[PDB]
file query.pdb (PDB, C-alpha atoms (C1' of nucleotides))
ATOM      1  CA  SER N  16      10.834  18.671 -48.037  1.00  0.00           C
ATOM      2  CA  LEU N  17      14.623  19.030 -47.898  1.00  0.00           C
ATOM      3  CA  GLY N  18      16.952  17.649 -45.260  1.00  0.00           C
ATOM      4  CA  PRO N  19      20.343  19.341 -44.926  1.00  0.00           C
ATOM      5  CA  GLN N  20      22.093  16.017 -44.264  1.00  0.00           C
ATOM      6  CA  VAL N  21      23.410  14.014 -47.209  1.00  0.00           C
ATOM      7  CA  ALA N  22      21.684  10.660 -47.712  1.00  0.00           C
ATOM      8  CA  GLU N  23      24.736   8.386 -47.912  1.00  0.00           C
ATOM      9  CA  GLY N  24      26.413  10.290 -45.067  1.00  0.00           C
ATOM     10  CA  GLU N  25      24.193   8.965 -42.280  1.00  0.00           C
ATOM     11  CA  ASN N  26      20.560   8.188 -41.512  1.00  0.00           C
ATOM     12  CA  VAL N  27      18.128  10.779 -40.157  1.00  0.00           C
ATOM     13  CA  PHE N  28      16.274   9.714 -37.013  1.00  0.00           C
ATOM     14  CA  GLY N  29      12.557   9.811 -36.361  1.00  0.00           C
ATOM     15  CA  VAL N  30      10.197   8.275 -33.806  1.00  0.00           C
ATOM     16  CA  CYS N  31       6.825   6.536 -34.106  1.00  0.00           C
ATOM     17  CA  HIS N  32       4.774   5.991 -30.960  1.00  0.00           C
ATOM     18  CA  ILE N  33       3.188   2.631 -31.774  1.00  0.00           C
ATOM     19  CA  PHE N  34       0.013   2.607 -29.668  1.00  0.00           C
ATOM     20  CA  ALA N  35      -2.223  -0.427 -30.137  1.00  0.00           C
ATOM     21  CA  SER N  36      -5.470  -0.989 -28.262  1.00  0.00           C
ATOM     22  CA  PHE N  37      -7.738  -3.991 -28.789  1.00  0.00           C
ATOM     23  CA  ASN N  38     -10.048  -2.015 -31.069  1.00  0.00           C
ATOM     24  CA  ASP N  39      -7.649   0.325 -32.938  1.00  0.00           C
ATOM     25  CA  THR N  40      -3.937   0.913 -33.479  1.00  0.00           C
ATOM     26  CA  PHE N  41      -2.211   4.291 -33.785  1.00  0.00           C
ATOM     27  CA  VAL N  42       0.948   4.838 -35.846  1.00  0.00           C
ATOM     28  CA  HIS N  43       2.143   8.296 -34.803  1.00  0.00           C
ATOM     29  CA  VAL N  44       5.434   9.409 -36.351  1.00  0.00           C
ATOM     30  CA  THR N  45       6.620  12.483 -34.421  1.00  0.00           C
ATOM     31  CA  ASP N  46       9.928  14.287 -34.084  1.00  0.00           C
ATOM     32  CA  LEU N  47      12.501  13.380 -31.422  1.00  0.00           C
ATOM     33  CA  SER N  48      11.181  16.039 -29.032  1.00  0.00           C
ATOM     34  CA  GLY N  49       7.638  14.793 -29.643  1.00  0.00           C
ATOM     35  CA  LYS N  50       6.366  18.377 -29.926  1.00  0.00           C
ATOM     36  CA  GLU N  51       6.329  18.643 -33.740  1.00  0.00           C
ATOM     37  CA  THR N  52       4.421  15.676 -35.096  1.00  0.00           C
ATOM     38  CA  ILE N  53       4.692  14.749 -38.770  1.00  0.00           C
ATOM     39  CA  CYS N  54       1.778  12.405 -39.445  1.00  0.00           C
ATOM     40  CA  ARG N  55      -0.514  10.142 -37.451  1.00  0.00           C
ATOM     41  CA  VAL N  56      -2.493   7.441 -39.237  1.00  0.00           C
ATOM     42  CA  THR N  57      -4.899   5.201 -37.356  1.00  0.00           C
ATOM     43  CA  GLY N  58      -6.200   1.698 -37.840  1.00  0.00           C
ATOM     44  CA  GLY N  59      -9.849   2.524 -38.409  1.00  0.00           C
ATOM     45  CA  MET N  60      -9.177   5.060 -41.164  1.00  0.00           C
ATOM     46  CA  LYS N  61      -8.093   2.302 -43.566  1.00  0.00           C
ATOM     47  CA  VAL N  62     -10.993  -0.158 -43.151  1.00  0.00           C
ATOM     48  CA  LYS N  63     -14.642   0.769 -43.730  1.00  0.00           C
ATOM     49  CA  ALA N  64     -15.904  -1.384 -40.840  1.00  0.00           C
ATOM     50  CA  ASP N  65     -15.512  -1.304 -37.042  1.00  0.00           C
ATOM     51  CA  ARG N  66     -14.635  -5.017 -37.088  1.00  0.00           C
ATOM     52  CA  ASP N  67     -11.104  -5.099 -38.509  1.00  0.00           C
ATOM     53  CA  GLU N  68      -9.760  -1.893 -36.983  1.00  0.00           C
ATOM     54  CA  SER N  69      -7.444  -3.644 -34.514  1.00  0.00           C
ATOM     55  CA  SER N  70      -6.755  -6.341 -37.153  1.00  0.00           C
ATOM     56  CA  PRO N  71      -3.231  -7.105 -38.402  1.00  0.00           C
ATOM     57  CA  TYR N  72      -4.302  -6.289 -41.961  1.00  0.00           C
ATOM     58  CA  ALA N  73      -5.480  -2.761 -41.225  1.00  0.00           C
ATOM     59  CA  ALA N  74      -2.118  -2.005 -39.610  1.00  0.00           C
ATOM     60  CA  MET N  75       0.113  -3.625 -42.245  1.00  0.00           C
ATOM     61  CA  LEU N  76      -0.846  -0.972 -44.785  1.00  0.00           C
ATOM     62  CA  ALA N  77      -1.045   1.785 -42.150  1.00  0.00           C
ATOM     63  CA  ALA N  78       2.732   1.445 -42.080  1.00  0.00           C
ATOM     64  CA  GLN N  79       2.830   1.242 -45.879  1.00  0.00           C
ATOM     65  CA  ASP N  80       1.245   4.707 -45.851  1.00  0.00           C
ATOM     66  CA  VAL N  81       3.116   6.467 -43.056  1.00  0.00           C
ATOM     67  CA  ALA N  82       6.475   5.274 -44.376  1.00  0.00           C
ATOM     68  CA  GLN N  83       5.617   6.593 -47.836  1.00  0.00           C
ATOM     69  CA  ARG N  84       4.470   9.775 -46.063  1.00  0.00           C
ATOM     70  CA  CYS N  85       7.952  10.148 -44.548  1.00  0.00           C
ATOM     71  CA  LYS N  86      10.278   8.962 -47.314  1.00  0.00           C
ATOM     72  CA  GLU N  87      10.196  12.337 -49.077  1.00  0.00           C
ATOM     73  CA  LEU N  88      11.201  14.330 -45.988  1.00  0.00           C
ATOM     74  CA  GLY N  89      14.598  12.628 -45.817  1.00  0.00           C
ATOM     75  CA  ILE N  90      13.729  10.309 -42.949  1.00  0.00           C
ATOM     76  CA  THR N  91      14.631   6.631 -43.160  1.00  0.00           C
ATOM     77  CA  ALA N  92      15.434   5.567 -39.573  1.00  0.00           C
ATOM     78  CA  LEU N  93      12.997   5.656 -36.667  1.00  0.00           C
ATOM     79  CA  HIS N  94      12.682   4.768 -33.035  1.00  0.00           C
ATOM     80  CA  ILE N  95       9.697   2.649 -32.037  1.00  0.00           C
ATOM     81  CA  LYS N  96       8.204   3.108 -28.575  1.00  0.00           C
ATOM     82  CA  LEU N  97       5.499   0.547 -27.839  1.00  0.00           C
ATOM     83  CA  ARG N  98       2.607   1.592 -25.624  1.00  0.00           C
ATOM     84  CA  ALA N  99      -0.527  -0.396 -24.897  1.00  0.00           C
ATOM     85  CA  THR N 100      -3.744   0.960 -23.412  1.00  0.00           C
ATOM     86  CA  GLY N 101      -2.337   0.821 -19.907  1.00  0.00           C
ATOM     87  CA  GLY N 102      -3.311   2.788 -16.852  1.00  0.00           C
ATOM     88  CA  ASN N 103      -5.704   0.681 -14.851  1.00  0.00           C
ATOM     89  CA  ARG N 104      -6.539  -1.279 -18.008  1.00  0.00           C
ATOM     90  CA  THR N 105      -4.585  -3.939 -19.912  1.00  0.00           C
ATOM     91  CA  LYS N 106      -0.859  -3.772 -20.687  1.00  0.00           C
ATOM     92  CA  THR N 107      -0.329  -6.214 -23.547  1.00  0.00           C
ATOM     93  CA  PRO N 108      -0.014  -4.422 -26.910  1.00  0.00           C
ATOM     94  CA  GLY N 109      -2.657  -4.966 -29.569  1.00  0.00           C
ATOM     95  CA  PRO N 110      -2.332  -7.706 -32.183  1.00  0.00           C
ATOM     96  CA  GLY N 111      -1.474  -5.448 -35.106  1.00  0.00           C
ATOM     97  CA  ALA N 112       1.554  -3.877 -33.402  1.00  0.00           C
ATOM     98  CA  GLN N 113       3.508  -7.007 -34.298  1.00  0.00           C
ATOM     99  CA  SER N 114       2.465  -6.594 -37.940  1.00  0.00           C
ATOM    100  CA  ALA N 115       2.840  -2.808 -37.725  1.00  0.00           C
ATOM    101  CA  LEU N 116       6.615  -2.531 -37.532  1.00  0.00           C
ATOM    102  CA  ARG N 117       7.070  -5.706 -39.587  1.00  0.00           C
ATOM    103  CA  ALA N 118       5.219  -3.921 -42.385  1.00  0.00           C
ATOM    104  CA  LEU N 119       7.455  -0.845 -42.387  1.00  0.00           C
ATOM    105  CA  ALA N 120      10.715  -2.747 -41.873  1.00  0.00           C
ATOM    106  CA  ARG N 121       9.804  -4.480 -45.135  1.00  0.00           C
ATOM    107  CA  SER N 122       8.442  -1.250 -46.630  1.00  0.00           C
ATOM    108  CA  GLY N 123      11.900   0.295 -46.385  1.00  0.00           C
ATOM    109  CA  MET N 124      12.229   2.057 -43.022  1.00  0.00           C
ATOM    110  CA  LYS N 125      15.456   1.529 -41.098  1.00  0.00           C
ATOM    111  CA  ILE N 126      15.146   0.594 -37.432  1.00  0.00           C
ATOM    112  CA  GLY N 127      16.875   2.183 -34.458  1.00  0.00           C
ATOM    113  CA  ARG N 128      15.703   1.739 -30.866  1.00  0.00           C
ATOM    114  CA  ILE N 129      12.864  -0.509 -29.720  1.00  0.00           C
ATOM    115  CA  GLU N 130      11.384   0.244 -26.307  1.00  0.00           C
ATOM    116  CA  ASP N 131       8.214   0.153 -24.238  1.00  0.00           C
ATOM    117  CA  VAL N 132       6.452   3.326 -23.075  1.00  0.00           C
ATOM    118  CA  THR N 133       3.266   1.703 -21.707  1.00  0.00           C
ATOM    119  CA  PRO N 134       1.498   3.767 -19.012  1.00  0.00           C
ATOM    120  CA  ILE N 135       2.203   1.267 -16.252  1.00  0.00           C
ATOM    121  CA  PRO N 136       1.047   2.943 -13.022  1.00  0.00           C
ATOM    122  CA  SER N 137       2.433   2.902  -9.567  1.00  0.00           C
ATOM    123  CA  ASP N 138      -1.162   2.554  -8.350  1.00  0.00           C
ATOM    124  CA  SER N 139      -4.258   3.516 -10.334  1.00  0.00           C
ATOM    125  CA  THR N 140      -7.781   4.022  -9.041  1.00  0.00           C
ATOM    126  CA  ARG N 141     -10.591   1.465  -9.041  1.00  0.00           C
ATOM    127  CA  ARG N 142     -10.580  -0.057 -12.527  1.00  0.00           C
ATOM    128  CA  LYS N 143     -13.802   0.230 -14.521  1.00  0.00           C
ATOM    129  CA  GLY N 144     -16.039  -2.787 -14.046  1.00  0.00           C
ATOM    130  CA  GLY N 145     -18.243  -4.369 -11.425  1.00  0.00           C
ATOM    131  CA  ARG N 146     -16.885  -6.335  -8.498  1.00  0.00           C
ATOM    132  CA  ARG N 147     -18.180  -9.386 -10.328  1.00  0.00           C
ATOM    133  CA  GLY N 148     -16.592  -7.913 -13.441  1.00  0.00           C
ATOM    134  CA  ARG N 149     -17.552  -8.175 -17.091  1.00  0.00           C
ATOM    135  CA  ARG N 150     -19.678 -11.274 -16.622  1.00  0.00           C
TER
ATOM    136  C1'   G L   1     -11.813  -7.365 114.076  1.00  0.00           C
ATOM    137  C1'   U L   2      -7.471  -8.421 111.351  1.00  0.00           C
ATOM    138  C1'   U L   3      -3.191 -10.284 107.574  1.00  0.00           C
ATOM    139  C1'   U L   4      -1.664 -14.707 105.898  1.00  0.00           C
ATOM    140  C1'   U L   5       0.133 -19.741 104.656  1.00  0.00           C
ATOM    141  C1'   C L   6      -4.083 -21.788 102.141  1.00  0.00           C
ATOM    142  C1'   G L   7      -7.408 -23.200  96.719  1.00  0.00           C
ATOM    143  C1'   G L   8      -9.378 -20.344  92.548  1.00  0.00           C
ATOM    144  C1'   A L   9      -9.663 -16.335  88.998  1.00  0.00           C
ATOM    145  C1'   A L  10      -7.598 -11.980  86.966  1.00  0.00           C
ATOM    146  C1'   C L  11      -3.264  -8.173  85.626  1.00  0.00           C
ATOM    147  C1'   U L  12       1.886  -7.261  85.182  1.00  0.00           C
ATOM    148  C1'   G L  13       7.774  -7.699  85.637  1.00  0.00           C
ATOM    149  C1'   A L  14      12.660 -10.253  85.331  1.00  0.00           C
ATOM    150  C1'   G L  15      12.892 -14.380  82.515  1.00  0.00           C
ATOM    151  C1'   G L  16      14.579 -19.445  81.549  1.00  0.00           C
ATOM    152  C1'   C L  17      14.495 -23.119  77.749  1.00  0.00           C
ATOM    153  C1'   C L  18      12.779 -25.029  72.711  1.00  0.00           C
ATOM    154  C1'   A L  19      17.074 -28.102  67.013  1.00  0.00           C
ATOM    155  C1'   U L  20      12.877 -21.483  69.533  1.00  0.00           C
ATOM    156  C1'   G L  21       8.269 -20.784  64.442  1.00  0.00           C
ATOM    157  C1'   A L  22       8.904 -19.422  56.980  1.00  0.00           C
ATOM    158  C1'   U L  23       8.424 -26.861  52.505  1.00  0.00           C
ATOM    159  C1'   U L  24       9.431 -26.333  47.336  1.00  0.00           C
ATOM    160  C1'   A L  25      10.330 -22.478  43.420  1.00  0.00           C
ATOM    161  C1'   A L  26       5.316 -26.207  38.756  1.00  0.00           C
ATOM    162  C1'   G L  27       8.296 -28.049  31.038  1.00  0.00           C
ATOM    163  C1'   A L  28       1.582 -23.208  36.269  1.00  0.00           C
ATOM    164  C1'   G L  29       1.197 -18.005  36.470  1.00  0.00           C
ATOM    165  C1'   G L  30       2.190 -12.756  37.298  1.00  0.00           C
ATOM    166  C1'   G L  31       6.219  -8.636  37.305  1.00  0.00           C
ATOM    167  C1'   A L  32      11.288  -7.327  36.137  1.00  0.00           C
ATOM    168  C1'   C L  33      15.617  -7.297  33.029  1.00  0.00           C
ATOM    169  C1'   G L  34      18.190  -8.065  28.299  1.00  0.00           C
ATOM    170  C1'   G L  35      19.317  -7.882  23.245  1.00  0.00           C
ATOM    171  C1'   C L  36      16.394  -7.925  19.435  1.00  0.00           C
ATOM    172  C1'   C L  37      11.862  -8.964  16.084  1.00  0.00           C
ATOM    173  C1'   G L  38       7.410  -7.872  13.263  1.00  0.00           C
ATOM    174  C1'   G L  39       2.551  -4.929   6.451  1.00  0.00           C
ATOM    175  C1'   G L  40       0.621  -4.733  15.041  1.00  0.00           C
ATOM    176  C1'   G L  41      -1.780   0.403  16.607  1.00  0.00           C
ATOM    177  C1'   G L  42      -2.143   6.033  16.834  1.00  0.00           C
ATOM    178  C1'   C L  43      -0.480  10.830  15.367  1.00  0.00           C
ATOM    179  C1'   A L  44       2.591  13.538  12.083  1.00  0.00           C
ATOM    180  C1'   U L  45       5.411  13.520   7.575  1.00  0.00           C
ATOM    181  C1'   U L  46       7.409  12.255   2.703  1.00  0.00           C
ATOM    182  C1'   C L  47       6.952  10.036  -2.116  1.00  0.00           C
ATOM    183  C1'   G L  48       5.185   7.646  -6.572  1.00  0.00           C
ATOM    184  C1'   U L  49       3.284   6.910 -11.581  1.00  0.00           C
ATOM    185  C1'   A L  50      -1.412   6.442 -13.303  1.00  0.00           C
ATOM    186  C1'   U L  51      -6.276   8.378 -13.940  1.00  0.00           C
ATOM    187  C1'   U L  52      -9.097  12.866 -14.729  1.00  0.00           C
ATOM    188  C1'   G L  53      -9.269  18.026 -15.647  1.00  0.00           C
ATOM    189  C1'   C L  54      -7.424  22.695 -17.404  1.00  0.00           C
ATOM    190  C1'   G L  55      -3.928  25.952 -20.449  1.00  0.00           C
ATOM    191  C1'   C L  56      -0.388  25.888 -24.455  1.00  0.00           C
ATOM    192  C1'   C L  57       2.116  23.378 -28.523  1.00  0.00           C
ATOM    193  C1'   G L  58       1.796  19.714 -32.934  1.00  0.00           C
ATOM    194  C1'   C L  59      -0.664  17.481 -37.022  1.00  0.00           C
ATOM    195  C1'   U L  60      -5.111  15.475 -38.253  1.00  0.00           C
ATOM    196  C1'   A L  61     -10.188  12.523 -40.142  1.00  0.00           C
ATOM    197  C1'   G L  62     -12.168   9.902 -37.481  1.00  0.00           C
ATOM    198  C1'   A L  63     -11.855   8.589 -32.022  1.00  0.00           C
ATOM    199  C1'   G L  64     -14.163   5.586 -28.184  1.00  0.00           C
ATOM    200  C1'   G L  65     -16.817   1.341 -27.710  1.00  0.00           C
ATOM    201  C1'   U L  66     -18.343  -3.499 -29.265  1.00  0.00           C
ATOM    202  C1'   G L  67     -19.238 -11.149 -30.688  1.00  0.00           C
ATOM    203  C1'   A L  68     -21.317  -7.368 -33.991  1.00  0.00           C
ATOM    204  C1'   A L  69     -23.302  -2.448 -33.523  1.00  0.00           C
ATOM    205  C1'   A L  70     -25.176   2.047 -31.715  1.00  0.00           C
ATOM    206  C1'   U L  71     -25.761   5.677 -27.756  1.00  0.00           C
ATOM    207  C1'   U L  72     -21.092   9.378 -27.152  1.00  0.00           C
ATOM    208  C1'   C L  73     -17.041  12.771 -28.326  1.00  0.00           C
ATOM    209  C1'   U L  74     -15.449  15.030 -32.758  1.00  0.00           C
ATOM    210  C1'   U L  75     -13.137  21.175 -38.692  1.00  0.00           C
ATOM    211  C1'   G L  76     -16.613  24.764 -32.521  1.00  0.00           C
ATOM    212  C1'   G L  77     -10.056  20.146 -34.015  1.00  0.00           C
ATOM    213  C1'   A L  78     -11.769  15.262 -31.054  1.00  0.00           C
ATOM    214  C1'   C L  79      -8.494  11.403 -30.900  1.00  0.00           C
ATOM    215  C1'   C L  80      -2.840  11.020 -30.692  1.00  0.00           C
ATOM    216  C1'   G L  81       2.080  13.340 -29.211  1.00  0.00           C
ATOM    217  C1'   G L  82       5.013  17.380 -26.029  1.00  0.00           C
TER
END
call {"tool": "encode", "arguments": {"input": "query.pdb", "output": "structure tokens"}}
result
Amino acid sequence: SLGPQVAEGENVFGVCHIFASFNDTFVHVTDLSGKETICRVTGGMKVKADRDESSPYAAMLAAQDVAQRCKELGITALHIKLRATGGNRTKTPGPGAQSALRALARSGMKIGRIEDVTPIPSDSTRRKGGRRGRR
RNA sequence: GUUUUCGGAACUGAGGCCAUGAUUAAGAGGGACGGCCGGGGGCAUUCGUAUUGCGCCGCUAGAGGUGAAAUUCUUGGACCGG
């Protein structure tokens, strides 16, 4: 759990793919290449009920865990790349993604880039649902 | 008997003369011609993420889904990331 860079010299970069659906939120801290992930905590693994898994409360400690999980490695600065469900389905991020990065910015994680990596299509297939829709 | 002037019909030649014979170009149409215009058509071609699937790589206990749940997938490594 040792980083070769000195702490007061600069800040080591990381990246967390904040993915929030409308039933769960994923906080996935990976490396910059994205090929060597560090840890990935969800929103339903911190609440013992399917109700509050997309809730702001289940994601405001899910950053209090994954930041603690990455303080000892030498990492203090991250990128955040928002991504909703996307595809043919909805594109607005889940409600806890607001409270997700607000939790860790107060939990002690420095902030670098903020961007959107939603899977917006050129043109998807026929979206799930009847022609009359979810009536 | 006959041919005629004589009256009719019929054919043809040289003609003469006519004020010698054709309204207009529909704020109707057709066709041309011109520069263009357009998600008109047909054939061919080229692209785009997404979805899904498969292989590898990562790290994992849940993931999906729901007003709420469960059916379902999941240490046989799903989900999530490359």
call {"tool": "closest_atom_pairs", "arguments": {"input": "query.pdb", "of": "region 124-150 of chain N", "to": "region 45-67 of chain L", "cutoff": "8 Å", "atoms": "all atoms listed in the file", "output": "CSV"}}
result
residue,atom,partner,partner_atom,distance
N:134,CA,L:50,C1',6.9
N:135,CA,L:50,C1',7.0
N:136,CA,L:50,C1',4.3
N:137,CA,L:49,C1',4.6
N:138,CA,L:50,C1',6.3
N:139,CA,L:50,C1',5.0
N:140,CA,L:51,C1',6.7
call {"tool": "closest_residue", "arguments": {"input": "query.pdb", "among": "N:35, N:97, N:74, N:54", "to": "chain L", "atoms": "all atoms listed in the file"}}
result
N:54
call {"tool": "atom_distance", "arguments": {"input": "query.pdb", "atom1": "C1' of residue 81 (chain L)", "atom2": "CA of residue 53 (chain N)"}}
result
10.0 Å
call {"tool": "closest_atom_pairs", "arguments": {"input": "query.pdb", "of": "chain N", "to": "chain L", "cutoff": "9 Å", "atoms": "only C-alpha atoms (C1' of nucleotides)", "output": "tab-separated table"}}
result
residue	atom	partner	partner_atom	distance
N:32	CA	L:81	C1'	8.0
N:34	CA	L:80	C1'	8.9
N:38	CA	L:65	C1'	8.3
N:41	CA	L:80	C1'	7.4
N:42	CA	L:80	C1'	8.9
N:43	CA	L:80	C1'	7.0
N:44	CA	L:81	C1'	8.8
N:45	CA	L:81	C1'	7.0
N:48	CA	L:82	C1'	7.0
N:49	CA	L:82	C1'	5.2
N:50	CA	L:82	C1'	4.2
N:51	CA	L:58	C1'	4.7
N:52	CA	L:58	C1'	5.3
N:53	CA	L:59	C1'	6.3
N:54	CA	L:59	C1'	6.1
N:55	CA	L:60	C1'	7.1
N:56	CA	L:60	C1'	8.5
N:57	CA	L:62	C1'	8.7
N:59	CA	L:62	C1'	7.8
N:60	CA	L:62	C1'	6.8
N:65	CA	L:66	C1'	8.6
N:66	CA	L:68	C1'	7.7
N:101	CA	L:50	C1'	8.7
N:102	CA	L:50	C1'	5.4
N:103	CA	L:50	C1'	7.3
N:134	CA	L:50	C1'	6.9
N:135	CA	L:50	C1'	7.0
N:136	CA	L:50	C1'	4.3
N:137	CA	L:49	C1'	4.6
N:138	CA	L:50	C1'	6.3
N:139	CA	L:50	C1'	5.0
N:140	CA	L:51	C1'	6.7
call {"tool": "residues_around", "arguments": {"input": "query.pdb", "residues": "residue 29 (chain N)", "least_positions_apart": "3", "cutoff": "8 Å", "atoms": "only C-alpha atoms (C1' of nucleotides)", "output": "tab-separated table (two decimals) with C-alpha atoms, keeping the file's coordinate frame"}}
result
chain	number	residue	atom	x	y	z
N	44	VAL	CA	5.43	9.41	-36.35
N	45	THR	CA	6.62	12.48	-34.42
N	46	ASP	CA	9.93	14.29	-34.08
N	47	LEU	CA	12.50	13.38	-31.42
N	90	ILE	CA	13.73	10.31	-42.95
N	91	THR	CA	14.63	6.63	-43.16
N	92	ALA	CA	15.43	5.57	-39.57
N	93	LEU	CA	13.00	5.66	-36.67
N	94	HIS	CA	12.68	4.77	-33.03
call {"tool": "atom_distance", "arguments": {"input": "query.pdb", "atom1": "CA of residue 131 (chain N)", "atom2": "CA of residue 143 (chain N)"}}
result
24.1 Å
call {"tool": "atom_distance", "arguments": {"input": "query.pdb", "atom1": "CA of residue 20 (chain N)", "atom2": "CA of residue 116 (chain N)"}}
result
25.1 Å
call {"tool": "resolve_selection", "arguments": {"input": "query.pdb", "expression": "the PyMOL selection byres ((chain N and resi 122) around 8)", "output": "NGL selection string"}}
result
:N and (78-79 or 82 or 118-121 or 123-124)
call {"tool": "write_last_selection", "arguments": {"input": "query.pdb", "atoms": "C-alpha atoms", "output": "JSON list (two decimals), in the frame of the given file"}}
result
[["chain", "number", "residue", "atom", "x", "y", "z"],
["N", 78, "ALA", "CA", 2.73, 1.44, -42.08],
["N", 79, "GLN", "CA", 2.83, 1.24, -45.88],
["N", 82, "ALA", "CA", 6.48, 5.27, -44.38],
["N", 118, "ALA", "CA", 5.22, -3.92, -42.38],
["N", 119, "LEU", "CA", 7.46, -0.84, -42.39],
["N", 120, "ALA", "CA", 10.72, -2.75, -41.87],
["N", 121, "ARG", "CA", 9.80, -4.48, -45.14],
["N", 123, "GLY", "CA", 11.90, 0.30, -46.38],
["N", 124, "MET", "CA", 12.23, 2.06, -43.02]]
call {"tool": "resolve_selection", "arguments": {"input": "query.pdb", "expression": "the PyMOL selection byres ((chain N and resi 70) around 12)", "output": "compact mmCIF listing (two decimals) with C-alpha atoms, in the coordinates of the input"}}
result
# COMPACT_ATOMS: atom_id res chain seq x y z
CA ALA N 35 -2.22 -0.43 -30.14
CA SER N 36 -5.47 -0.99 -28.26
CA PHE N 37 -7.74 -3.99 -28.79
CA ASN N 38 -10.05 -2.02 -31.07
CA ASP N 39 -7.65 0.32 -32.94
CA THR N 40 -3.94 0.91 -33.48
CA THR N 57 -4.90 5.20 -37.36
CA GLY N 58 -6.20 1.70 -37.84
CA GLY N 59 -9.85 2.52 -38.41
CA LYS N 61 -8.09 2.30 -43.57
CA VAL N 62 -10.99 -0.16 -43.15
CA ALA N 64 -15.90 -1.38 -40.84
CA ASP N 65 -15.51 -1.30 -37.04
CA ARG N 66 -14.64 -5.02 -37.09
CA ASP N 67 -11.10 -5.10 -38.51
CA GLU N 68 -9.76 -1.89 -36.98
CA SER N 69 -7.44 -3.64 -34.51
CA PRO N 71 -3.23 -7.10 -38.40
CA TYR N 72 -4.30 -6.29 -41.96
CA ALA N 73 -5.48 -2.76 -41.22
CA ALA N 74 -2.12 -2.00 -39.61
CA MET N 75 0.11 -3.62 -42.24
CA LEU N 76 -0.85 -0.97 -44.78
CA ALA N 77 -1.04 1.78 -42.15
CA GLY N 109 -2.66 -4.97 -29.57
CA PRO N 110 -2.33 -7.71 -32.18
CA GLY N 111 -1.47 -5.45 -35.11
CA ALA N 112 1.55 -3.88 -33.40
CA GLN N 113 3.51 -7.01 -34.30
CA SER N 114 2.46 -6.59 -37.94
CA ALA N 115 2.84 -2.81 -37.72
call {"tool": "closest_residue", "arguments": {"input": "query.pdb", "among": "N:98, N:149, N:142, N:106", "to": "residue 129 (chain N)", "atoms": "only C-alpha atoms"}}
result
N:98
call {"tool": "residues_around", "arguments": {"input": "query.pdb", "residues": "residue 95 (chain N)", "least_positions_apart": "5", "cutoff": "8 Å", "atoms": "only C-alpha atoms (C1' of nucleotides)", "output": "list in words"}}
result
residues 30, 31, 32, 33, 126, 127, 128, 129 and 130 of chain N
